[PDB]
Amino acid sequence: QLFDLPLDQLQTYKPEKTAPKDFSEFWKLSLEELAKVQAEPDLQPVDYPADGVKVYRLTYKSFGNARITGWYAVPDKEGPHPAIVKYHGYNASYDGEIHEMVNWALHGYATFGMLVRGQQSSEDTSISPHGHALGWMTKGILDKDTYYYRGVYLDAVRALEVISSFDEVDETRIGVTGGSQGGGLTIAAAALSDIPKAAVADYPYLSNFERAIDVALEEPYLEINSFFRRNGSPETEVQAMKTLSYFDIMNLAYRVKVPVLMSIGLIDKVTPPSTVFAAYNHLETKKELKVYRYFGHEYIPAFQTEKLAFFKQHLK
């Protein structure tokens, strides 16, 4: 049941940004570190029991010389095609969602499902500099340069760069999408790259961290709480929250300049409604938030229609 701010308060919830003074410089230097690594994209054809599509394993190199991979599915016909980069949930990829990628291609989109470094298939070359609570949320959290989501966000940008370089994709008709973690990555990618034409984010994660750790009732935001339990110095908490502020999509949101479609379920206890309204209310672009009273952190059939209609409009 309902548990967060009531809808009327959610609609006006817009916390002050927490971006440090060197927020832009950190992202600039981070993109510059990415650019020093040659992508060297590699496509390996893959058998799949469906006609009308060609499937591949796509691998490229990214931040920290990390090998990143995923399924890439293309309509079996003359291009150029509209394209989608799809990002997945936290610890929530099962053999890379190949069937979903094929279905996207059958809807007419050349689609790459980036697999998140350290979670599924893709390599995380970044070390564990100081020890962390169980999970990825606090890996390297004592420094922006070492934080887990630095590499992840840069990988998400590189995925767009790679897909746009292909002859069979129409570089002008590329979308980004995903749910929860995948939703955060969607907003981060649109904030950090000119490439995407449109974005659809399902109940995005990695937003309004300061509120998230006080309101969430399930994992994985509570890993942050677990880390503070195990590393109890007051200074550690201040540093950790500062680090998180560089990756908080509510702080990246103002950079987004493409149309955005977003969902939230009002009984969602993983990505609490307030945290999602926070990101949405910091967007200054063509946008729409679809609110679903009786849904939580889960597939919403009605939003699937909205998502398909939105990409059909902006990408075809």
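In case it trips you up, residue 1 is the first one in the sequence shown, and so on.
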Quiz item: Quick one: higher average CA temperature factor, 75-83 or 224-232?
Solution: 75-83
Self-check item: Highest-ranked of 199, 105, 169, 141 once sorted by CA temperature factor in the record
Solution: 169
Quiz item: Among the chain's modelled residues, which third holds the C-alpha B-factor of residue 290?
Solution: lowest
Quiz item: Should residue 259 be placed in the lowest, middle or highest third of its chain by the C-alpha B factor in the entry?
Solution: highest
Quiz item: Relative to the other modelled residues in the chain, which third contains the C-alpha temperature factor of residue 93: lowest, middle or highest?
Solution: highest
Practice problem: Could you look up the Cα B-factor of residue 99 in the entry and say which third of the chain it sits in: lowest, middle or highest? | Solution: middle
Quiz prompt | Entry-reported Cα temperature factor of residue 215, expressed as the chain third it lands in | solution = highest
